[PDB]
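Colleague: The structure under discussion is supplied below as structure tokens; questions concerning it will follow.
We place every Cβ from the backbone using ideal geometry, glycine too, and count neighbours over all the protein chains shown. Every read-out reported here was derived from the displayed coordinates using simple, explicitly stated rules and does not represent laboratory data.
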Amino acid sequence: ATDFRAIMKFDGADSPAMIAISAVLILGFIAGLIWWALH
Amino acid sequence: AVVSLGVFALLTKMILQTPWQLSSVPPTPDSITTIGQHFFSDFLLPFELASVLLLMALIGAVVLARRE
Amino acid sequence: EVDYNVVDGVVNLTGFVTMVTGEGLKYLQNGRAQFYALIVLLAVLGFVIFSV
Amino acid sequence: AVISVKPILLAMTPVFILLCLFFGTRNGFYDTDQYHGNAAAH
Amino acid sequence: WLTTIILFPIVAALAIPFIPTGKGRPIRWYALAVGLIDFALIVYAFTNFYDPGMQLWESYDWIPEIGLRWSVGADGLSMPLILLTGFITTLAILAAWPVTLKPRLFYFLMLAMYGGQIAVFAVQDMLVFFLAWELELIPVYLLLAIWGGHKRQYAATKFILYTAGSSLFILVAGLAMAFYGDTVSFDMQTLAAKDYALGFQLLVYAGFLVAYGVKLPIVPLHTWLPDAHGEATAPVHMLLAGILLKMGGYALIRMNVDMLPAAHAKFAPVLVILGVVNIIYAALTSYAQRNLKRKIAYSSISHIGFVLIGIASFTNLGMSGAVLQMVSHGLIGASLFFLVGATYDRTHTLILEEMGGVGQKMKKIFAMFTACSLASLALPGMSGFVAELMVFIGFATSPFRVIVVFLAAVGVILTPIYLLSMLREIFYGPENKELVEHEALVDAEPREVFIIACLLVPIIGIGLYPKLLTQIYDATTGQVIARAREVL
Amino acid sequence: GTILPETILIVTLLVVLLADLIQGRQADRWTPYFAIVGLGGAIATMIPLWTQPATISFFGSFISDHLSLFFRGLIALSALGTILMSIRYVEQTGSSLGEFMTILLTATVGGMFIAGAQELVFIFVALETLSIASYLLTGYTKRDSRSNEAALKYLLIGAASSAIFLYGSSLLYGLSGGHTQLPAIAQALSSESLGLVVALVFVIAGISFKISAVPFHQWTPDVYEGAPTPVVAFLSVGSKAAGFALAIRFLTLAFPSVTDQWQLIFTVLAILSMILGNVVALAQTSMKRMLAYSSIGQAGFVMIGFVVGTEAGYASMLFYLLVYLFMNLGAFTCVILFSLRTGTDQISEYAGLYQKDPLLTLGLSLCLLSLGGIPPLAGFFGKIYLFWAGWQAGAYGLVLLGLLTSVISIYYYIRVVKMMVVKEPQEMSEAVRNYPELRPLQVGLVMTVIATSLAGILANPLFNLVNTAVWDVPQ
Ligand SMILES: CC1=C(/C=C/C(C)=C/C=C\C(C)=C\C=C\C=C(C)\C=C\C=C(C)\C=C\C2=C(C)CCCC2(C)C)C(C)(C)CCC1
């Protein structure tokens, strides 16, 4: 958001599309690992 | 209308379905002495308490329609 | 940003939903005695249909 | 062998209580030298 | 003893409303004396604390019509945390001297949540447990909403809402295990000695989990934490971060490893992968966050993953690593957030890039803050490392446990990143220009140095000879894990 | 015959006449006192005939078991508190006092009768005494348009609901031959039927108007805004207690203890009531309207209370209702004491009150918090005992749902505390800038707050009370 204005100044990271295709990876990572863990 | 009509039909469906207990005995003509007996044998609390009901209703209407 | 939007927004949306539900359900209460006369006795008579 | 916490605690905590009451008096910045605030973070 | 311990702070708090004053000074001495006397009661009732089970339990009967009994009980697993709260809340009160805005309410609510934090450990009834879990809501709500922060509205509201709606399945679960059979138990021991079928073990378990995973915030059940721990003054925060998370961890241990072990054996891999997720997630979100306090809150979220891993192991070592981590972070984060509050008090600013080189004039907080920051990460010679090491050893000794260790050890690299970057951003470099004209705070009045020295002595005494803290519960944890392996 | 169970009622009845006579002669007397005296004497007369004798019936038209003693004493305490509140609140308006307390005591006598009745005629007459007295008190201040509008609408709605109840009572007399009793009615018809179900539903419609359940609720919000405030304070507590006593003593005893579909209907009404009141009070600005929808939700909690009859759900209703009496009367005492001084306004004007009047803040805060189920406080114990009972029988959805709606209701209960406490002197409203800073009200507020703040842990003495009370209802 607008609060995160520091050396952390990556532009293409606040858009909803990039947030979506980041959350996809993170959720799929935890999900692949929970399936790996149960089985 | 439809609501009211439904209720009628519903009530009618009861009135014609249930086996009432016709109780074939000739009724009694003296339907005033008996009510006197019931006001002082069975249904005495409603007598004594409708008294104060009427008092309270008078006190209410007298002080809700008063012009001031 | 996944934390502040995809995780936080989902649960703040719960408050949003149970807030807008209250904002939009009060219109059932409309200030009409005849509307109560409807949804008092028509409020029931459904409770007889799935009864007998 | 093994060392126990019980006498360690019994020896430390009176010193803790006394020093706590003492250093309560010793103060500074918050009194008058600065800090018009009131310990709220707004 | 425990009943006196719990009721004396609360009862003595009800005297504050009729207690002389001219400006607000004689309240804090009264509160501190109460806290110190109660801590003395702890450590003096700890003399007659032999070291396997409830070394003292005083039962009574309030309501026989339900099953409610005032069943206090100490234990190896609950006495360290009782000591911890009795020490650290006293030091919160010894940190809250400058509180001028409504001090009566401050030192009433602080003493109320001083019995509301010893009770949750010194209780063995599942209805009174719910009572004490619940009574942290209104005091914390007022502690956040009056003094502390600009977003304190959203923070306090979100706090009370989530810690009510997830203080929700605890009662349901206590009931669900109370009436499986023909005995209205409502007691830890009597209800742990019952045979629960798997079909609802792992349902009552998730009921416990939705509660014990928001106060011990796991994957998304954390979003209350940055807001409630950012918009909060220091002495409030010491309690909120040093005890309550430990409350979640403790209750997780005692309600999901003595009382639903068959479902624990089936769900523990979930806790493990969740713990390493917790570490990496919180560390990245802390290095990204820039303000000052939210950073350290996410650092706490990072440090809880060791607890998740140690409890979700099954050897006699991971449990001790968890408890040691708990007693460690309670001592570390308290000093961290105290120093953050002090630094804000001197600068009236939190943001990092808006200040630098403050350690040229304010060169007493810098040493103390550097020491507590070294203590945050798994530095040897301290309890933060003993916990991590014991977790790694005990877990690996037991998800094909070679990938999760590889991911959990990333924290070893990834904690000093944001901690030392924070130090670089704040204290190192040349002094700011007149953009910072708040007169750099007269370097830590002795009264702050005593707080952090007395928080920094026990941590080193643990890190050098940890058995001091492990002598307490070698027996109880042994019995617990013997049970949990006897099932499997 | 056997006027001993009747003494209390006629004792109160005596003072009704008295509080008019002294009011007809003097026109300015000290009638607020000794009404308290006779109500205390009544509650004292309750103890000799609580358990020392056995349960008995007047003529079969009136039974005075422990349940009736409970409800009668409860309604008496509600009237007492409402008097103590309304003395200097109705005097602030240009209106009389004698007719007011006359009507209030009349409603009280009606509700103290209906809790011990087992006959159709007498049920109806007592119900109508209480209803008509409420219709009056809702509009007693006819200077305002909204008061009179609320009295009109409440009168018309209640007349229609009462006529429906009266039709159903007529059917229940019809069916089983004669029988206008209640133990004999559910005695000659003991099987499912269409007409019995119709009679059931019409009586549910008649009762739900009294206990404020949804969809029978639309009178409560408008009326609680428009009506006089202490009238509302008696109205909620007393009308609910009369309604629930009627529900038990009709559905369980006179009506039938066979066709137990009413349990399902009360589950439906309780679900809707919880989901509606606690959710829609969350979007409000007035206090009285908020308290109305709160009262709806609390009724829903009670209704899951007694839908599970196992000798503990009924007890839980009784205890929670005893406790809600104190809680709600305390809240109304606080809003009275705020609306008198300067404010006379809505929620947003409470801000910054902790500096001026801390006593009122303590009072209303503790009362509102107890209503939301906060620890040590009486409402918390009431709610957890409801959940214990309703979970013991096997209702699982209701418990979770009521818990969740309490978690929702804490929000609008805490908005008021955000105002009264959190808001700083830079955010006072215009009402509090000029706040100044009666006796019977203060002592009532103290007697109420100490109760709701101490009668949760001191609970065994009045759980034994209730479990001794509820041996009598069939199940
Ligand atoms: C009380 C308590 C405790 C404790 C106990 C123990 C464990 C002890 C030990 C002890 C020991 C065995 C000791 C040791 C000692 C050491 C020391 C003495 C050192 C250190 C300190 C100091 C010296 C500090 C200072 C400083 C500062 C303050 C700042 C920075 C810098 C410096 C570091 C310099 C516990 C935890 C249980 C719990 C709670 C309570």
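Colleague: How big is the range E:152-282 along each principal axis, measuring the range of its Cα positions in Å and listing the largest first?
Modeller: 49, 30, 20
Colleague: Can you give the convex hull volume of the alpha carbon atoms of chain F per residue, in Å³? Mind showing how you got there, number by number?
Modeller: Values: hull volume 62.1 nm³, N = 475.
Per-residue hull volume (Cα only) is 131 Å³.
Colleague: What distance in nm separates the two pseudo spin-label positions at F:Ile56 and F:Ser429, each 7 Å out from Cα along the beta-carbon direction?
Modeller: Once both label points are built, they end up 5.6 nm from each other.
Colleague: Something else about it: Pop out the ³J(HN,Hα) list for the range C:46-52 in order, Karplus 6.51 cos²θ - 1.76 cosθ + 1.60 with θ = phi - 60°, rounded to Hz; leave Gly and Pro as x.
Modeller: Result, ordered by residue: x, 6, 9, 6, 9, 10, 8 Hz.
Colleague: Given the C-alpha centroids of chain D and the range E:415-488, what is the distance between them in whole angstrom?
Modeller: What the calculation gives is 16 Å, centre to centre.
Colleague: Let me ask something additional. Return the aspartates and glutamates within reach of E:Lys364: Cα separation strictly under 20 angstrom, same-chain partners fewer than 8 residues apart disregarded; answer none if there are no such residues.
Modeller: D:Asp31, D:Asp33, E:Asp345, E:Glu425, E:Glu431, E:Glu437, E:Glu439, E:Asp443, E:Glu445, E:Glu448
Colleague: Here is a further query. Write down, largest first, the equivalent ellipsoid semi-axes of the protein assembly as shown in whole Å, where each equals the square root of 5 times an eigenvalue of the alpha-carbon gyration tensor.
Modeller: In descending order the semi-axes read 60, 33, 28 Å.
Colleague: While we're here: Where the eigenvalues come from the Cα gyration tensor of chain D, what are the semi-axes √(5λ) of the equivalent ellipsoid, largest first, in whole Å?
Modeller: On the way: eigenvalues 276, 33, 9 Å².
Gyration-tensor ellipsoid for chain D: 37, 13, 7 Å.
Colleague: Let me ask something additional. Please identify which residues in the range F:308-344 have an amide N closer than 18 Å to a label point set 7 Å out from the Cα of F:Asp260, following the Cα→Cβ vector.
Modeller: Only F:308-317 fall inside the zone, counting backbone N under 18 Å.
Colleague: Tell me, what are the semi-axes, in whole angstrom and largest first, of the equivalent ellipsoid of chain E as set by the roots of 5 times the Cα gyration tensor eigenvalues?
Modeller: 35, 27, 20
Colleague: First measure r as the distance between the Cβ atoms of F:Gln187 and E:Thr183, then evaluate 1/(1 + (r/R0)^6) with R0 = 45 Å and state the FRET efficiency to the nearest 0.05.
Modeller: 0.70
Colleague: Excluding residues fewer than 8 places away in the same chain, name every one of the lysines whose C-alpha is closer than 24 Å to that of B:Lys13.
Modeller: Cα-Cα hits under 24 Å: none found.
Colleague: Please label the shape of the range F:52-93 as rounded, prolate or oblate, based on the square roots a ≥ b ≥ c of the eigenvalues of the alpha-carbon gyration tensor (a/c under 1.5 means rounded; beyond that, a/b larger than b/c means prolate, else oblate).
Modeller: In terms of gyration-tensor shape, prolate.
Colleague: Any idea how far apart E:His438 and F:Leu14 come out in nm if each label point goes 7 Å out from Cα toward Cβ?
Modeller: Result: 7.5 nm between the two label points.
Colleague: With N denoting the number of residues in chain C, provide Rg(C-alpha) divided by 2.2 N^0.38 Å, to two decimal places.
Modeller: 1.93
Colleague: Could you work out how far the C-alpha centroid of the range F:133-153 sits from that of the range F:193-261, in angstrom?
Modeller: Cα centroid of the range F:133-153 versus Cα centroid of the range F:193-261: 21 Å apart.
Colleague: Something else: Exceeding 27 Å between C-alpha atoms, which entries from my cross-link table qualify? They are E:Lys102/E:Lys158; E:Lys102/E:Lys363; F:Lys142/F:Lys288; F:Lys210/F:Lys383; E:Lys158/E:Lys246.
Modeller: In this structure, E:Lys102/E:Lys363 exceed 27 Å between Cα atoms.
Colleague: Sticking with this structure for a sec: In whole Å, how far is the Cα centre of the range E:139-175 from that of the range F:290-331?
Modeller: Answer, in whole Å: 25.
Colleague: Spin-label point model (7 Å from Cα, Cβ direction): what's the E:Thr47 to F:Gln442 distance in nm?
Modeller: Placing both labels 7 Å beyond Cα along the Cβ direction yields 4.9 nm.
Colleague: Under the rule of at least 5 residues apart or a separate chain, name every residue whose amide H is placed under 5 Å from the amide H of F:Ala117.
Modeller: For F:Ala117, whose amide H was placed from the backbone, the distant partners under 5 Å are F:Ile63.
Colleague: Placing one identical point scatterer on every Cα of chain B and ignoring solvent, what is log10 I(q)/I(0) from the Debye formula at q = 0.21 Å⁻¹?
Modeller: Here the Debye-derived log intensity ratios amount to -0.87.
Colleague: Taking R0 as 35 Å, what FRET efficiency do you get between F:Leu462 and F:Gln92 from their Cβ-Cβ distance, rounded to the nearest 0.05? Write down the numbers at each step before the final one.
Modeller: Details: r = 35 Å, r/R0 = 1.01.
Efficiency for this residue pair is about 0.50.
Colleague: Sticking with this one: Can you give the net charge of the other residues whose Cβ lies under 13 Å from the Cβ of F:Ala241, counting K and R as +1 and D and E as -1?
Modeller: It works out to a net charge of +4.
Colleague: May I ask you to evaluate 6.51 cos²θ - 1.76 cosθ + 1.60, the Karplus curve with θ = phi - 60°, for each residue of the range D:25-36 and list the ³J(HN,Hα) values in order in whole Hz, giving x for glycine and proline?
Modeller: Once rounded to whole Hz, the list reads 6, 4, 7, x, 2, 6, 7, 9, 5, 6, 6, 5.
Colleague: Would you mind ranking E:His150, B:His38, E:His264, A:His39 so that the residue whose beta carbon has the fewest other beta carbons within 10 Å leads the list? Intermediate values should be presented prior to the final figure.
Modeller: Working: E:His150 11, B:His38 14, E:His264 23, A:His39 7.
With the fewest neighbours first, E:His150, B:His38, E:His264, A:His39 line up as A:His39, E:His150, B:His38, E:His264.
Colleague: Here's another thing I want to ask about it. Using a simple charge model, +1 on the beta-carbon of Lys and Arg, -1 on the beta-carbon of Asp and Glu, nothing else, what dipole does chain F show about its Cα centre, in debye to the nearest 20?
Modeller: In total the dipole reaches around 560 debye.
Colleague: Continuing with the same structure: Treating only the Cβ of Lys, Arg, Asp and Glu as charged (+1, +1, -1, -1), what charge dipole size does the protein assembly as shown show about its Cα centre? Round to the nearest 20 debye.
Modeller: Working: 59 positive and 65 negative charges, 240 e Å.
I would put it at about 1160 debye.
Colleague: FRET efficiency for E:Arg25 and F:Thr7, Cβ-Cβ distance as r, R0 = 60 Å, nearest 0.05? It would help to have the intermediate numbers written out before the result.
Modeller: Numbers: r = 60 Å, r/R0 = 1.00.
Efficiency computed from Cβ-Cβ geometry: 0.50.
Colleague: Please order F:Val302, F:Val90 by the number of other Cβ within 10 Å, starting at the fewest. Intermediate values should be presented prior to the final figure.
Modeller: On the way: F:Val302 26, F:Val90 20.
Going from least to most buried by this count: F:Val90, F:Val302.
Colleague: What residues of the range F:400-433 lie in the reach of a label at D:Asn38, counting those whose backbone N is under 17 Å from a point 7 Å from the Cα along Cα→Cβ?
Modeller: Residues passing the 17 Å test: F:418-429, F:433.
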